[PDB]
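> Sequence first, structure after, both from an experimental entry:
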Amino acid sequence: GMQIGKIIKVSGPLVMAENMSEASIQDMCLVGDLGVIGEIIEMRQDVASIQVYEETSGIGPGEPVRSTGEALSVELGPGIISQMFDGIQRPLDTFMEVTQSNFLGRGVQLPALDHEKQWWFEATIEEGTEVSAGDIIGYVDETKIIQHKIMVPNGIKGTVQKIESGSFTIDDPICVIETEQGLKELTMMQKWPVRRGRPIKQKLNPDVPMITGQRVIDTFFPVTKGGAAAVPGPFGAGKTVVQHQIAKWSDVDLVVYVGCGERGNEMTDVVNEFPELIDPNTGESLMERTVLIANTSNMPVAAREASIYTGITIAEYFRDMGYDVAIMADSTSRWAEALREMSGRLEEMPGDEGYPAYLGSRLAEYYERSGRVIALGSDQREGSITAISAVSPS
Amino acid sequence: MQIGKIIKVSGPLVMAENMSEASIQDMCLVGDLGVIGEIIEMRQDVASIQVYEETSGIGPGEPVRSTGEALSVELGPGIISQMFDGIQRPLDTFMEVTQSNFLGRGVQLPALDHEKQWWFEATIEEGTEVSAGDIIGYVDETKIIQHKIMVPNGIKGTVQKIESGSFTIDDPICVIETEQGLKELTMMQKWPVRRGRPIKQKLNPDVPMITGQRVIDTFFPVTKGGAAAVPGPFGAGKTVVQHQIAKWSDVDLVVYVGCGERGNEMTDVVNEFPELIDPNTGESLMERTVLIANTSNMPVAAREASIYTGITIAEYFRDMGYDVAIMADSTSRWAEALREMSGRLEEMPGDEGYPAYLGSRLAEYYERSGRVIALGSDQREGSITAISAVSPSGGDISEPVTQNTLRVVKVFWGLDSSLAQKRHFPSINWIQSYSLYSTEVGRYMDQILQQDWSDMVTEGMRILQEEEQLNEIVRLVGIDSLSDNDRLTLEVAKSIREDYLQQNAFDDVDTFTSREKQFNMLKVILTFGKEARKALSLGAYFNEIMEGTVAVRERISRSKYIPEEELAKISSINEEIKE
Amino acid sequence: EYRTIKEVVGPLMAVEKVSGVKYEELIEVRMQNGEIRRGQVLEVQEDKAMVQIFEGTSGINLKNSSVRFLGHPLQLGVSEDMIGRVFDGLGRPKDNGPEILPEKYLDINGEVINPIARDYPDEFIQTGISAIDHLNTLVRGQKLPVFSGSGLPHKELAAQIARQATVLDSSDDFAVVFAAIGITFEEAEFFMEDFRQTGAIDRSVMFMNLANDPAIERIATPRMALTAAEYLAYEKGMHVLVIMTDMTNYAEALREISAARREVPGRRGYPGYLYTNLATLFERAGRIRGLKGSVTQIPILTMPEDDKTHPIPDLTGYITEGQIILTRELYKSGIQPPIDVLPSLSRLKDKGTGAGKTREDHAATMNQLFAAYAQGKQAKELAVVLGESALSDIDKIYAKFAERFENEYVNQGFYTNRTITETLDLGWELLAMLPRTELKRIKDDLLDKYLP
Amino acid sequence: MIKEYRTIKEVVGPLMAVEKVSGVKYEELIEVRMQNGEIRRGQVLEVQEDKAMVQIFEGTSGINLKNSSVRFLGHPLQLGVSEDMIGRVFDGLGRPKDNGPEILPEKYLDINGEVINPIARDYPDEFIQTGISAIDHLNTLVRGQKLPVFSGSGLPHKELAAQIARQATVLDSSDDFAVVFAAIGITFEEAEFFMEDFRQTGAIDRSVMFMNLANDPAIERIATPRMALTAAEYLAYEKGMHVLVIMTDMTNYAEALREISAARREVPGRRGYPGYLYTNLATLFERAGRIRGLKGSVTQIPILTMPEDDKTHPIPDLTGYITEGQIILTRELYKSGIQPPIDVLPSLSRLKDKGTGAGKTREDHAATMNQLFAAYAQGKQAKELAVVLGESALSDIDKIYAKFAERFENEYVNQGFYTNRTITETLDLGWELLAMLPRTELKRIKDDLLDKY
Amino acid sequence: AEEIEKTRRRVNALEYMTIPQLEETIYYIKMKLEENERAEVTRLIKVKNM
Ligand SMILES: Nc1ncnc2c1ncn2[C@@H]1O[C@H](COP(=O)(O)OP(=O)(O)O)[C@@H](O)[C@H]1O
Ligand code: ALF
Ligand SMILES: [Mg+2]
């Protein structure tokens, strides 16, 4: 029931549309007849200004624009493991097979997770139990390595009325909660915006040393479970060599590799070499416990800007299951190049060396979401997020 | 018939309504005085008129009339040896009519003298298929330059009646039988300055030019049809090169354009030109020089016209098959005129406020020059050489004017202040300057004198490049630990700098260096550094070979002074340096 | 057809009473004298649309003029008969040859390559240059630019690489897509004369955009070339080499368009979306999984004031795998091509060089001659600071190495094609001056195999 | 009729907007009758539709809008020119300030002036003996020349200007110089000192002066220099006099135009200064030279204080691109007591080649001059090395030069603000400074000139 | 001892004059360029509002 607005003016990458009173600020929109990637920036009366992150050739006035009704979010549920996405969570493994092409066509929209695949839900809780946000009702063996634990989504308070195990898709209701606002059904799929982090009970001090397997790290320069490490990556220094040994030997549950913005052929490296890593405890591929983010330099700027904000939202989701997650950023110098580009398109006051003035606060927003926290729920399990970011100065 | 009414006057920007019949880029007579202007933009019935005269005392309500044609110039007999303003009005005739030494307002005078009588000698005969660019006759405007009257563009037919006699520029001298009808042709043709004269084909300039300057003709040469830029700070020598190049260029015509500079510069240029007698011709340099002058205190918008006026006059002469050299002193003032208008047009400024289309207009200017096959059945060869002077603030060549210029030109004569203050002239920075023609001119020069000139020039540049490497590592460290071999290179570079590069225009001798002199002096200094290398490799200390060669090293100093006839003096230094 | 001209400000004009107009849509002005001029949509509104005329607005009467909207942007009439034909910045013919019946009409924008669909470039490319093929190896499917400067011989090097580019033992000819962006007529004639005189035009498709042509014409010129290179490689399976120069004039054309829309610039007076603009063109390359064809892009840009922190080379280094840097000091000494290998790097050279690729000693001799030059260059400077007396017997050889490496290895000539075999053997001769104790990077198994 | 309106729109700083007007011309002098009787002059800057934006020279201080009026005069700002101007004191707008009789104007000339036809121009090759060896020998001053003096805050720029006008004359002639002075936003102490020197000399009566001090409104400083150059060319070409122009401080003039440039919300250029600064300074500097057929001449000696002592500042930079050379005063030479502290290395004169030589000054001036600078540059280069690497470390050949530059600063340049040395005494002194170096190191003097001297 | 003293003062000048003069010079150079581009984009925002 979203109100469709009509473009009144198109200039450069900026597109103006009226009849937009229903949409909220910073929402995503499908601009034009084609439906390109557009984010609401400012709105005056019923007219909203939308920065278009795809090419603007072929679009003009009269064409409609559909607001998604929400900010940049991620689908969180079974399927997300061992599947590659981009900065805005577009499944590349699905784009490849379904579209029958090797390109990302303008306006082509595909759901993030697999909404048709069957998963065996193993109900661990029975009816009549008081539940809140965070409590685990059951898990699905999504992958050979990980036990995806389905949790009660935020904002739901009531009594478990009816639950049953079996096999469902991520769009099928597996439980019913008798809330204060009436009876509500829960699915295995939950949406969450990449801009705001997932709530927690009490953040804790990262005092658990991590065993990376590398002697120079664990001895003299150790990172803790919930810490943060910055790594410069000059060419020839074996930056990818040190990365693979950390994502493989570290005592973590899930690895969330994030490619902010990278060179095409440099990215193909990561798409081919990262699955070739074997998990040491079982013998399967490292992809089983990894969620890869794939953004080249020619991706839309929204994908490069919210590249690290996407993976950290996935990390916080798996963190709330009690798992210890390591997130990898390579390279953050290209991520800031997306924020520097945003500050120019938005006509903002520049900070130091062209980067926006809110660069220090944006980095503060990211690295403050990682750490050893106590996830919500009665169990009070301790999750961990450790950030291993790479910098590449000019 | 439309009489426009002024609605706004903001400096040289005047806006007027009731203009719906007129078009863009049309000349106008603004105000009660009738000052000259031009439409630059058009919104509804209101037109923004870029006025080329002072707008003091003009308000809304005064009439404004269009002319129907764009800014054009009179290309015909009577242009040679004459100076005109930015709109090509004769300043000498301007003095005679107004009867005053000061510039007035609201007066329009034709460029050429339409009442002067010339002797048109007909060359073509009746009954010939003619087209644009074909020569039907000529008028000897001076002793050297044979002003050939050609068929203007857009006229294609058969000559029916033509004969020689004594006519004016207006008088019809020929009748062409075209498809449209019988057309009468005159000795004068009008042409828009903002439209370049067309050609048959654009050839590549590989015939170099003899300027007479040693640093120019050896390390940073310019070919007939090239584009050279001379950026530098004030007092560096930008105008000296323009004057000396014009005085000693082998070209058939010179178009010196003064743009936003000092009026006193134009005076000595007009006085000295008839005195610089060419001994091989008997005539002077004035009889091939066409002057255009719009000083700095004159209307700013006229600086745009002065640039497009001179390049248009150069195209009227290059269509005849004669090499023309156009001098733009200075381009910076033209660039200033744009920014000042762009600010009054509320346009988006670029770096330092310049309009974003600066690099476009610069590219649109220099691309007119070059070796070109003029229109016509004879396929005559014409060429225009652009020599521009840029005046960046504080010697900062990172400004958009110089940066956009170096993306379209091929030769860069960067002037240095540190050398100008040390009385080094011409103050051309050897490391900083360059020339894209240095490779092809080396191949030509290697053949004319039959000597490996391209590689002995490379050796001189290498020596000057090695000094800059030494001097920069030795400024702070000091030269006390300088190896004996390295010290020789320092004395080689010092000889190259003070003997060959340092040359004064005022002394009659250093002003011109011929191709035979430029070789002999180079042969002395290079063979010195090459054979004195063999002396230092004979177990010799540095101090010695110099002390015993001060007599040779002085004859090397006055090597520029040798008259052209007495060149054997220079070549005889090769044997005494060996002994 | 519309005869409603409201505003005309310079080469820009606005047309009211419009509907269904799109961005970058092609328009056509019908003047009062019958003259026809074309234009592109720089901005559309509901009641008006601004367009820039290519030929300009000189002499246009607003009241008696007309404008026709075509309803489609700049498309390329692509066909296989384009081989050997030279066009302009807008796809118009320039060689006055036979007309080409388009097989398809594709918009010059193109599509974004799926990063997981991208394949790894594995094949070596022999450019014939010792400084490139040995120390900064180009790979089939790599984005490797050439950082030059105003006055540096980048035109001679651009004519040499496209002339000497070949793949080993593949038995399929390399396809060359050359695109001159805003160059002068002289430099354009130098390129066209060199491709015709050597027979390389029989393998090439050239797009020629001059400097005096409109700014909107410069912006479409790379989009024209990459769309044809995309078609030759991905639709037909050819191996395509894309060469572009000068890249800086493409950025200045964006500034004239950006200022025409009254957009405030970003860093150093350039539009904010440049990173997206340059990456859109630079990432339309590489081998594709399931397709035999490949696109190899080699941009060429001149750095303003020879600054590496300038937005044009700073963002290019973030997008392209490596960079080839030319220096003004090497060119003024007589080193052709003046390619400095110390600041130049190749981010994919490791796969390009090895056994089966070139030879087993490619990676070892690269790392050996690399450190031998930096030590030889510092030794020559030590002879300037401390004199030749402080130089030992070993330092005198290192100073002799750098001097020969500058004059004999890199300085090969703009018309000298050196095979990979002749390149490596020359490096061994220059390395044969130093004793074995100096050569530490190379293992003695291969050091006792090739060292003379 | 009397064009006066009483419908004021708005008053913002020095600017002002009147509506419902008609017949208002551009650059039109106006008058503002307020509600108390005061009159303040101004000029029209823009006229569109029925509106007119003007600039008030004395500023808008305490102006009621409803009860004030604007009187348009229908002509640009003019100056009452007459020969009775000789020896008079006018303010920065033209009103006499010496409490004397009102001038009966022989004519009313537009302060904007007129452009001299370059064909009607006469090239100035005349020689002026300024009594200063650093000028007469190194950067020769000619009649009709555009030669400014660059200085800084606190430097003795006011002492040097009085010295030149006190000692200026021409060779083989008895003509006197009609000096024209213009104060632009300077302090009272600088102006009073200049007045006392002019009195002492006896040339005060000859000079015509316009006064704008620091406590005066800054807006009117835009017209004050145009007052002088209109009166200067009036006495030169029409009255047949040799006119000398000296103005200070030109720095305050540029600051005045930036205030209006900032008030008008124009598009700024370098450091907020307007983009047409090179043109606006050109309307003042190019009012100099000689005209063929007229016995008059206009010589200009501008004076400006370089902001932050930086030559790359827009004010001294654009001045050099217009004027023929410059004369630079450095704080380092004044630091050493050098009077005058003239730095002759960055200084230059461009009209001197035609003003020197046999028949004008000396046959060998050009060869000595060229030989001087080159050896001074290297001697200064060697001194800057002596103080860093030591006296003994310097080469013996360079060490002779190190003393060459020392005597060429304390004896040659340092001569005092009251020493009128002749051109013969200046050129003979120069050879005595070249006799130190051996004959072999004098390479830019020919043997013929080396032998005779 | 004499060559020791020449080198000694050579070294001393570099540490106390040449290198510090550059270090302070670079500071002022970088300072100017940033505020200049900072104030340059500032007016471009004001001109965009016209
Ligand atoms: N080639 C030269 N030989 C001798 N003197 C020169 C030369 N070039 C410049 N100069 C000196 O520099 C002064 C200014 O030169 P000019 O070219 O007018 O400077 P600009 O760069 O302002 O045009 C001249 O008066 C002259 O004395
Ligand atoms: F004084 Al100039 F160019 F003539 F700086
Ligand atoms: Mg000059």
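Received, thanks. Numbering: from 1, shown residues only, chains lettered A, B, ... in the order given. Ligands and ions are numbered 1, 2, ... in the order given.
> Quick check: residues of the stretch 251-400 of chain B near ligand 2?
Contacts of the stretch 251-400 of chain B with ligand 2, taken as Cβ under 6 Å from any ligand atom, map to B:261, B:330, B:391. For the C-beta atoms, the positions are set from N, CA and C on the backbone; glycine is no exception.
> May I ask which of these has the most neighbours?
Tallying neighbours with other Cβ atoms under 10 Å in any protein chain shown puts residue B:391 at the head of those, with 29 neighbours.
> do you know how far that residue is from chain D?
6 Å (Cβ to the nearest Cβ, to the nearest Å).
> tell me the secondary structure for the nearest residue to that residue once chain neighbours are set aside?
Nearest residue to residue B:391, sequence neighbours excluded (Cβ to Cβ, 6 or more residues apart in numbering or on different chains): residue B:332, at 3.8 Å. Using DSSP: H, G, I helix; E, B strand; the rest coil, the structure places residue B:332 in helix.
> dump the residue contacts of residue A:21.
A:3, A:45-46 (Cβ atoms under 8 Å, 6 or more residues apart in numbering or on different chains).
> wait, does stretch C:274-283 make contact with chain A?
Yes - remark: stretch C:274-283 sits within contact range of chain A at C:274-276, C:279-280, C:282-283, by Cβ under 8 Å from any Cβ of the partner chain.
> Quick one: distance of that stretch to the chain centre.
13 Å (Cα atoms, centre = their mean, to the nearest Å).
> Alpha carbons of it, as CSV, please.
Written as CSV, here are the backbone C-alpha positions of stretch C:274-283 (Å, rounded to 0.1, in the frame of the first residue of the first chain):
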residue,chain,number,x,y,z
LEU,C,274,33.8,11.2,-10.3
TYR,C,275,34.7,8.0,-8.4
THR,C,276,31.5,6.4,-9.8
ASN,C,277,32.2,7.9,-13.2
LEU,C,278,35.7,6.6,-13.6
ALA,C,279,35.0,3.2,-12.1
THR,C,280,32.0,2.8,-14.4
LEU,C,281,34.4,2.9,-17.3
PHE,C,282,37.5,1.2,-15.8
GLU,C,283,35.6,-1.9,-14.6
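> who touches that stretch?
Residues from elsewhere that reach stretch C:274-283, judged by Cβ under 8 Å, 6+ apart: A:53, A:55, A:264, A:296-298, A:300-301, A:337-338, A:340-341, C:109-110, C:112-113, C:143, C:222-223, C:226, C:251, C:254, C:266, C:271, C:297, C:299, C:311, C:315-316, C:318-320.
> Inside strands: which ones of the residues you listed?
Members of the contacts of stretch C:274-283 lying in strands (criterion: DSSP state E): C:112-113, C:297, C:299.
> for the residues you listed, which one is nearest chain B?
Among the ones in strands among the contacts of stretch C:274-283, residue C:299 lies closest to chain B (Cβ to the nearest Cβ), at 15.9 Å.
> on that earlier part again, want to throw the residues of stretch C:274-283 next to chain A into CSV with distance to residue C:245?
Formatted as CSV, the residues of stretch C:274-283 next to chain A follow (distance: Cβ to Cβ, whole Å):
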residue, distance to residue C:245
C:274, 18
C:275, 21
C:276, 22
C:279, 19
C:280, 19
C:282, 14
C:283, 19
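> who are the neighbours in contact with the residue nearest to residue B:391?
Applying Cβ under 8 Å, 6+ apart, one finds that residue B:332 lies in contact with B:260, B:389-392, B:401, D:321.
> farthest-separated two in the residues you listed?
The span of the contacts of residue B:332, defined through Cβ to Cβ, is set by B:260 and B:392 at 14.2 Å.
> who has more neighbours, the two?
Just comparing residue B:260 and residue B:392: by other Cβ under 10 Å the higher neighbour count belongs to residue B:260, 29 against 21.
> nearest spatial neighbour of that one, skipping sequence neighbours?
Once flanking residues are discounted, residue B:260 sits nearest to residue B:333: 2.4 Å by Cβ to Cβ, 6+ apart.
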